[PDB]
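Read the single chain below, which is given as structure tokens and is the form deposited in one PDB entry.
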């Protein structure tokens, strides 16, 4: 009868969520911050309590979590950060808008990437404006060459998220700790795919809403007993 809550961060600065923000450490926009506050207020109104929180090492997710903990008066909770919950690494496309992407690689190839589970985008090369910014960022200094991506397929992203789910999060849930996870579209996709046993095609069609608490009820095998539910006023739901 466990309860798990997920929350996907909202809008980031400079329209970066429509520019393959990926591993670039974009902050929330004021709008994204307000979204997180609304999500937190929904959790507060519903009287939710947590015992432990997981998030990525990207400040838009961390700030989403902080906003939520502030709203629900549980700033004292233990918080665990991991690169394994980071957004998908969009490689050389990182920072580009739709037009720039199609101009550079063509519509055909974009259609293929968009629709593919196991094809990565091109690698982020040294001439990319974010190359040293991300690859030499001190928060990833303990990662091995194989762990630090230059690019990720969705398959890759899920593959590195799920070890953390199994090794760090599952044991807490089975101890009865009430878990909050604040993360990103694709890392949360990995979790949802695992929970609901979805196909590659289905998970690629699933777009989790932003700034809205997503509630799971899990049985003793960590299988959902019902569809995911969204928290908030009747309309927003």
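Residues that one form lacks are left out of the comparison. Residue numbers count along the first chain shown, from 1. In this text, the rigid core denotes the largest set of C-alpha atoms whose superposition between the two forms falls within 1.5 Å.
Comparing the deposited coordinates for 25-33 and 201-209, the stretch with the larger average C-alpha B-factor is 201-209. For the pair 70-78 and 110-118, the record assigns the higher mean C-alpha temperature factor to 110-118. Between the residues 52, 57, 182, 173, the entry's highest C-alpha temperature factor is the one at 173. Remark: residue 225 belongs to the highest third of its chain, ranked by C-alpha B-factor as recorded. In the PDB entry, residue 152 places in the lowest third of its chain by CA B-factor.
Annotation for residue 166: C-alpha temperature factor in the highest third relative to the rest of the modelled chain, per the entry. Per the deposited record, the Cα B-factor of residue 1 falls in the highest third when ranked against the other modelled residues of its chain. In the PDB entry, a CA B factor belonging to the lowest third of its chain's modelled residues is recorded for residue 13.
Form deposited in another entry: not shown, discussed below.
Aligning the rigid core between the shown form and the other one and inspecting 79, 143, 102, 75, the C-alpha positions shift by 2 Å or more at one residue, which is 102. The Cα shift for residue 116 between the shown form and the other one, taken after rigid core superposition, is 2 angstroms or larger. Residue displacement note: residue 18 has its CA displaced by at least 2 Å between the shown form and the other one (rigid core superposed). Expansion of the residue 17-residue 147 CA spacing by 3 Å or more is recorded in the other form, set against this form. Look at residue 115 and residue 214: in the other form their Cα atoms come 3 Å or more closer than in this form. Once the rigid core is aligned, the segments that move between the shown form and the other one, defined as three or more consecutive common residues whose C-alpha shifts all reach 2 Å, run 14-18, 98-100, 102-116.
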